[PDB]
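Undergrad: My structure is below; once you've seen it, I'll send some questions.
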Amino acid sequence: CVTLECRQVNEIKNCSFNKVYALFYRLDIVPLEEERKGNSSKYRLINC
Amino acid sequence: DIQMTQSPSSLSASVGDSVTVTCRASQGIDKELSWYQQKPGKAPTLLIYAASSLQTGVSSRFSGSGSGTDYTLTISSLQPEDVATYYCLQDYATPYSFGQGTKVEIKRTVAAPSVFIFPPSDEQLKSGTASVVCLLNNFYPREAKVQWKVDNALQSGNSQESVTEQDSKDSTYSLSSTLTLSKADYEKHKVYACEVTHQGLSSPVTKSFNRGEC
Amino acid sequence: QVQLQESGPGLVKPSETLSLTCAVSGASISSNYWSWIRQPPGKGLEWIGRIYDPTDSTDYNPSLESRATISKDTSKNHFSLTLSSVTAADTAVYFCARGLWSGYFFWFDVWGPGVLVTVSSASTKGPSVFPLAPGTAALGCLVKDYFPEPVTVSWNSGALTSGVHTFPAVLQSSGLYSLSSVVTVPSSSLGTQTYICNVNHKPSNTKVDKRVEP
Ligand SMILES: *[C@@H]1O[C@H](CO)[C@@H](O)[C@H](O)[C@H]1NC(C)=O
Ligand code: NA
């Protein structure tokens, strides 16, 4: 299902889905890889 | 990059002492820190992985503390099995950077070395070169002086020393010193001895061989 | 039950490419981080890079300057590393290790034993092993004139471990390594028991057993 690419938004993280960037909540996304603090991390929705 | 600095570089403590290793980052790393144990000759093994959380099977004696930049590893009751170098690692940001290590050794009671001398092989003497090994078996502290006297002539530039790492159970060290000569020089002289000075010995013990003694 | 094993030539001519592979057992390469870590002799730990299959991601330490490549083979469940244009700075013991993760947290929970890779122009040479023949009595096996490291020595194919001190190798003026493996035994046992040392120096494809008798 849809793959997200979130970073901290400067509880909620600023994501991208595949050229549009959508803002999400920490709880409804699920880490696919190790989360990185400064840069981006790839998540996937709790819906799948 | 994030620089990682452990302190101290080295430390010696008595069995049952409490010892703390410090590891300081150059930025806050939000407890993204893991501690590893590396006994001599082995690969490291994990101890603690999120500043605080102890790995299953690891002893309750190992505890992990810290926040921000400053992090500690505390060994509640230093056991003799804990002879190792200990490594911190930050996973806050790639490239993940290790600490430079902290070597932990045991301060134990004085133990006099058992000394042994070994003549060259006849198998080896037919090679044109002869090696004589003088062995200090299980002693502490690591400091020792091993002189070579051939025909009671002190020798210098001739020999090479080697020391084992601290023992896992004994808390002792072993030391090799091998003197290497031609087979021409070896047979041109009579008695070969090594004299061993050590804190555990009243006086320098010497053990010797005479060429063809048996 | 989960274990890792590095395999590869322990000798690489400089300006050429190191190649190692880590075979993995008791776990599938498809679900966690698999990384390489190296450790130059008598120095600390440097993370080389990791690989990860859920997001098909590799990270590299910039210190390798893009000379490092990490390949995954889900077919045989082993992952490999290559390091090009090697120099003596790449002489180190290379560990493969599995990296677990949770949230922002990461750690190496299991490591391979590690393989030493000497970067040198020289060609391999196999050792010659001569005995050190002998209450408590010492005997040993002198393993002289080999290159490169390492040499592994066992006694009675593993049946004898308590009391053995295989010394760290010493490098002679010839650029050849040498070492001794000794053991203390009851002289009760001197007349009854046979004592053989099992020297293994695989960079030269050499295996020799020598009995140390009086
Ligand atoms: C959020 O998402 C996009 C990433 O391209 C970026 O343009 C924007 O500056 C970000 N801003 C905040 C407040 O998160
Ligand atoms: Na992390």
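Here, A, B, ... name the chains of the structure tokens in the order displayed, residue numbers run from 1 inside each chain, and ligands are numbered from 1 in the same displayed order.
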Let me have all residues with an atom within 9 Å of ligand 1, counting only C-alpha atoms and all ligand atoms, laid out as a VMD selection string.

TA: chain A and resid 6 to 10 13 to 16 19 to 23

Undergrad: Can you pull out the residues contacting residue A:31? Cut-off 9 Å, using only C-alpha atoms, and skip same-chain residues under 3 positions away; I want them as a compact mmCIF listing (two decimals) with C-alpha atoms, in the first residue's frame.

TA:
# COMPACT_ATOMS: atom_id res chain seq x y z
CA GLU A 34 14.89 2.86 11.25
CA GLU A 35 13.65 6.36 11.99
CA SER A 41 12.26 8.09 7.16
CA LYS A 42 10.04 5.76 5.14
CA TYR A 43 6.78 4.71 6.82
CA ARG A 44 3.59 2.97 5.78
CA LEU A 45 0.04 3.63 6.90
CA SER C 102 12.91 -0.25 16.96
CA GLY C 103 11.66 3.29 16.41

Undergrad: Neighbouring residues of ligand 2 are defined here as those with any atom at most 9 Å from a ligand atom, counting only C-alpha atoms and all ligand atoms; list them as a list in words.

TA: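 Final answer, ordered by chain and number: residues 34, 35, 36 and 37 of chain A; 32, 33, 90, 91, 92, 93, 94 and 96 of chain B; 101, 102, 103, 104, 105, 106 and 107 of chain C.
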
Undergrad: The selected residues should be written to file as a PDB file, in the first residue's frame (atoms: N, CA and C atoms).

TA:
ATOM      1  N   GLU A  34      14.498   2.141  10.042  1.00  0.00           N
ATOM      2  CA  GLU A  34      14.886   2.864  11.246  1.00  0.00           C
ATOM      3  C   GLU A  34      14.611   4.351  11.071  1.00  0.00           C
ATOM      4  N   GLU A  35      13.956   4.945  12.061  1.00  0.00           N
ATOM      5  CA  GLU A  35      13.646   6.364  11.991  1.00  0.00           C
ATOM      6  C   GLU A  35      14.909   7.194  12.196  1.00  0.00           C
ATOM      7  N   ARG A  36      15.068   8.222  11.365  1.00  0.00           N
ATOM      8  CA  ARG A  36      16.156   9.182  11.476  1.00  0.00           C
ATOM      9  C   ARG A  36      15.594  10.500  11.994  1.00  0.00           C
ATOM     10  N   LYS A  37      16.302  11.118  12.941  1.00  0.00           N
ATOM     11  CA  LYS A  37      15.777  12.315  13.593  1.00  0.00           C
ATOM     12  C   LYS A  37      15.746  13.502  12.635  1.00  0.00           C
TER      13      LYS A  37
ATOM     14  N   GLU B  32      20.349   7.431  21.752  1.00  0.00           N
ATOM     15  CA  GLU B  32      20.555   6.445  20.692  1.00  0.00           C
ATOM     16  C   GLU B  32      21.975   5.892  20.810  1.00  0.00           C
ATOM     17  N   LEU B  33      22.173   5.082  21.848  1.00  0.00           N
ATOM     18  CA  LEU B  33      23.507   4.660  22.248  1.00  0.00           C
ATOM     19  C   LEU B  33      23.498   3.216  22.724  1.00  0.00           C
ATOM     20  N   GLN B  90      27.033   5.307  18.762  1.00  0.00           N
ATOM     21  CA  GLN B  90      25.892   6.187  18.551  1.00  0.00           C
ATOM     22  C   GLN B  90      25.237   5.845  17.221  1.00  0.00           C
ATOM     23  N   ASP B  91      23.912   5.720  17.238  1.00  0.00           N
ATOM     24  CA  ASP B  91      23.125   5.501  16.033  1.00  0.00           C
ATOM     25  C   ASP B  91      22.167   6.663  15.794  1.00  0.00           C
ATOM     26  N   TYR B  92      22.495   7.832  16.349  1.00  0.00           N
ATOM     27  CA  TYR B  92      21.657   9.012  16.155  1.00  0.00           C
ATOM     28  C   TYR B  92      21.698   9.485  14.708  1.00  0.00           C
ATOM     29  N   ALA B  93      22.860   9.385  14.064  1.00  0.00           N
ATOM     30  CA  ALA B  93      23.020   9.869  12.699  1.00  0.00           C
ATOM     31  C   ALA B  93      24.160   9.114  12.035  1.00  0.00           C
ATOM     32  N   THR B  94      23.935   8.659  10.804  1.00  0.00           N
ATOM     33  CA  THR B  94      25.012   8.056  10.035  1.00  0.00           C
ATOM     34  C   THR B  94      26.029   9.127   9.637  1.00  0.00           C
ATOM     35  N   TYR B  96      27.415   5.950  11.698  1.00  0.00           N
ATOM     36  CA  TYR B  96      27.441   5.554  13.098  1.00  0.00           C
ATOM     37  C   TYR B  96      28.886   5.432  13.559  1.00  0.00           C
TER      38      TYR B  96
ATOM     39  N   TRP C 101      16.466  -3.048  15.156  1.00  0.00           N
ATOM     40  CA  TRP C 101      15.984  -1.679  15.246  1.00  0.00           C
ATOM     41  C   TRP C 101      14.576  -1.645  15.821  1.00  0.00           C
ATOM     42  N   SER C 102      14.252  -0.518  16.452  1.00  0.00           N
ATOM     43  CA  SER C 102      12.909  -0.254  16.962  1.00  0.00           C
ATOM     44  C   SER C 102      12.761   1.251  17.113  1.00  0.00           C
ATOM     45  N   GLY C 103      11.824   1.841  16.372  1.00  0.00           N
ATOM     46  CA  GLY C 103      11.665   3.286  16.409  1.00  0.00           C
ATOM     47  C   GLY C 103      12.882   3.970  15.818  1.00  0.00           C
ATOM     48  N   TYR C 104      13.427   4.937  16.554  1.00  0.00           N
ATOM     49  CA  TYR C 104      14.689   5.566  16.185  1.00  0.00           C
ATOM     50  C   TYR C 104      15.906   4.767  16.632  1.00  0.00           C
ATOM     51  N   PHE C 105      15.722   3.597  17.236  1.00  0.00           N
ATOM     52  CA  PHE C 105      16.810   2.915  17.919  1.00  0.00           C
ATOM     53  C   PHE C 105      17.379   1.790  17.067  1.00  0.00           C
ATOM     54  N   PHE C 106      18.674   1.540  17.253  1.00  0.00           N
ATOM     55  CA  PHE C 106      19.439   0.637  16.407  1.00  0.00           C
ATOM     56  C   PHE C 106      20.604   0.085  17.215  1.00  0.00           C
ATOM     57  N   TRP C 107      20.977  -1.162  16.924  1.00  0.00           N
ATOM     58  CA  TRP C 107      22.088  -1.807  17.616  1.00  0.00           C
ATOM     59  C   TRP C 107      22.453  -3.100  16.899  1.00  0.00           C
TER      60      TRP C 107
END

Undergrad: Skipping near chain neighbours, those fewer than 4 positions away, what residues fall within 9 Å of residue B:141 using only C-alpha atoms, listed as a list in words?

TA: residues 107, 108, 109, 110, 111, 112, 172, 173, 198, 199 and 200 of chain B

Undergrad: Give as a PyMOL selection string every residue of chain C that touches chain B within 9 Å, counting only C-alpha atoms.

TA: chain C and resi 43-49+59-63+95+104-114+128-134+137-139+142+165-170+172+179-180+182-184

Undergrad: Taking the DSSP secondary structure from the backbone, can you list the residues of stretch 16-210 of chain C that are helix (DSSP H, G or I), as a count of residues only?

TA: 12

Undergrad: Leaving out stretch 70-87 of chain C and any residue of its chain fewer than 6 positions from it, which residues lie within 6 Å of it when counting only C-alpha atoms, given as a list in words?

TA: residues 14, 15, 16, 17, 18, 19, 20, 21, 22, 23 and 24 of chain C

Undergrad: Could the residues in this selection be written to a file with N, CA and C atoms, as a JSON list (two decimals), in the first residue's frame?

TA:
[["chain", "number", "residue", "atom", "x", "y", "z"],
["C", 14, "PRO", "N", 48.02, -4.50, -2.36],
["C", 14, "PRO", "CA", 47.50, -3.13, -2.33],
["C", 14, "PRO", "C", 47.10, -2.67, -3.72],
["C", 15, "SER", "N", 46.24, -1.65, -3.75],
["C", 15, "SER", "CA", 45.60, -1.12, -4.95],
["C", 15, "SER", "C", 44.59, -2.09, -5.56],
["C", 16, "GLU", "N", 44.34, -3.24, -4.94],
["C", 16, "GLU", "CA", 43.40, -4.24, -5.43],
["C", 16, "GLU", "C", 42.20, -4.31, -4.48],
["C", 17, "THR", "N", 41.27, -5.22, -4.77],
["C", 17, "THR", "CA", 39.95, -5.20, -4.14],
["C", 17, "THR", "C", 39.80, -6.32, -3.13],
["C", 18, "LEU", "N", 39.61, -5.94, -1.87],
["C", 18, "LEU", "CA", 39.18, -6.88, -0.84],
["C", 18, "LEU", "C", 37.78, -7.39, -1.14],
["C", 19, "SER", "N", 37.57, -8.68, -0.92],
["C", 19, "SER", "CA", 36.24, -9.28, -1.02],
["C", 19, "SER", "C", 36.02, -10.19, 0.17],
["C", 20, "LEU", "N", 34.91, -9.98, 0.86],
["C", 20, "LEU", "CA", 34.50, -10.87, 1.94],
["C", 20, "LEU", "C", 33.01, -11.14, 1.82],
["C", 21, "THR", "N", 32.60, -12.25, 2.41],
["C", 21, "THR", "CA", 31.19, -12.61, 2.49],
["C", 21, "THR", "C", 30.89, -13.08, 3.90],
["C", 22, "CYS", "N", 29.68, -12.77, 4.36],
["C", 22, "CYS", "CA", 29.21, -13.21, 5.66],
["C", 22, "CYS", "C", 28.04, -14.16, 5.46],
["C", 23, "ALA", "N", 28.24, -15.43, 5.79],
["C", 23, "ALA", "CA", 27.18, -16.42, 5.75],
["C", 23, "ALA", "C", 26.34, -16.31, 7.02],
["C", 24, "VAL", "N", 25.02, -16.39, 6.86],
["C", 24, "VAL", "CA", 24.10, -16.15, 7.96],
["C", 24, "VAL", "C", 23.23, -17.38, 8.17]]

Undergrad: Need the shell around residue C:136: protein/DNA/RNA residues with any atom at most 7 Å away, counting only C-alpha atoms. Skip same-chain ones fewer than 4 positions apart. Format as a PyMOL selection string?

TA: chain C and resi 184-187

Undergrad: Between atom CA of residue C:122 and atom CA of residue C:143, measure the distance and give it in Å to one decimal.

TA: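 So the answer is 19.4 Å.
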
Undergrad: Interatomic distance between atom CA of residue B:130 and atom CA of residue C:194?

TA: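 Atom CA of residue C:194 lies 25.0 Å from atom CA of residue B:130.
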
Undergrad: Could you please write out, as an MDAnalysis selection string, every residue of stretch 34-141 of chain C that DSSP assigns to strand (DSSP E or B)?

TA: chainID C and resid 34:39 46:52 57:60 68:73 78:83 92:102 105:111 115:119 125 128:132 136:141

Undergrad: Residues at most 12 Å from residue C:41, counting only C-alpha atoms, excluding those fewer than 4 positions away in the same chain, as a PDB file with C-alpha atoms, in the first residue's frame?

TA:
ATOM      1  CA  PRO B  40      40.517 -10.231  23.833  1.00  0.00           C
ATOM      2  CA  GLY B  41      40.591 -12.085  20.528  1.00  0.00           C
TER       3      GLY B  41
ATOM      4  CA  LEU C  45      35.807  -0.059  15.693  1.00  0.00           C
ATOM      5  CA  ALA C  88      47.351  -0.608   4.476  1.00  0.00           C
ATOM      6  CA  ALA C  89      44.694   1.524   6.190  1.00  0.00           C
ATOM      7  CA  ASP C  90      42.301  -1.262   5.152  1.00  0.00           C
ATOM      8  CA  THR C  91      44.284  -3.912   7.029  1.00  0.00           C
ATOM      9  CA  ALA C  92      41.849  -4.845   9.798  1.00  0.00           C
ATOM     10  CA  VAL C  93      39.649  -7.578  11.205  1.00  0.00           C
ATOM     11  CA  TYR C  94      36.331  -7.376   9.376  1.00  0.00           C
ATOM     12  CA  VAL C 115      38.330 -12.334   9.672  1.00  0.00           C
ATOM     13  CA  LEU C 116      41.660 -10.516   9.481  1.00  0.00           C
ATOM     14  CA  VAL C 117      42.628  -9.132   6.066  1.00  0.00           C
ATOM     15  CA  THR C 118      46.261  -8.074   5.687  1.00  0.00           C
ATOM     16  CA  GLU C 149      48.690 -13.487  10.302  1.00  0.00           C
ATOM     17  CA  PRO C 150      46.876 -15.396  11.713  1.00  0.00           C
ATOM     18  CA  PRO C 168      50.313 -13.087  20.487  1.00  0.00           C
ATOM     19  CA  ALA C 169      52.508 -13.261  17.410  1.00  0.00           C
TER      20      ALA C 169
END

Undergrad: Select, from C:196, C:68, C:176, C:96, the residue with the minimum atom-to-atom distance to residue C:34, counting only C-alpha atoms.

TA: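 Of C:196, C:68, C:176, C:96, the one nearest residue C:34, counting only C-alpha atoms, is C:96.
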